[PDB]
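The structure under discussion appears below in the form of structure tokens.
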Amino acid sequence: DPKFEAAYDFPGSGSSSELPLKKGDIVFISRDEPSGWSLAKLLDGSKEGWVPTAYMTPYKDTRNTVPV
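Counting in the deposited numbering, the sequence shown runs from 3 upward without gaps.
So this is what it looks like as structure tokens:
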């Protein structure tokens, strides 16, 4: 799966269907839905929950800018 970066805080409502984020957090994304929500998983796989698709931006580290 691809990795996405939280561009905004998402403290959410408290729901266990929600994955609360801080800015700069990095997650996997398995599903986007038309409601505007994305199904995010932490990198260690410990929690799974929906997040605002809008907050989620492709992760680019500056160590990724080399061919191999």
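Ideal placement from N, C-alpha and C gives every residue a C-beta, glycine not left out.
Residue j beta carbon less than 8 Å from that of residue i
i     : j     : result
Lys25 : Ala42 : no
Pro60 : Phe12 : no
Three-state class that DSSP yields for residue i in the structure shown
i     : result
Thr59 : strand
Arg33 : strand
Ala8  : strand
Neighbourhood of residue i by C-beta distance below 7 Å, restricted to the same chain and skipping five residues each side
i     : result
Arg33 : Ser40 and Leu41
Residues of its chain near residue i, where Cβ-Cβ distance is below 6 Å and the 5 sequence neighbours each way are ignored
i     : result
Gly14 : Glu20 and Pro22
Segment limits, beta strand (DSSP E) that includes residue i
i     : result
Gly51 : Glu50 to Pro54
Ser40 : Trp39 to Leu44
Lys24 : Taken as a continuous stretch (DSSP letters only), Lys24 belongs to no beta strand (DSSP E), as it is neither H nor E.
8 Å contact criterion, which residue i and residue j should meet: CB distance rounded
i     : j    : result
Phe30 : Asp3 : 4 Å
Own chain partners of residue i with C-beta closer than 8 Å, once the 5 adjacent residues on each side are dropped
i     : result
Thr67 : none
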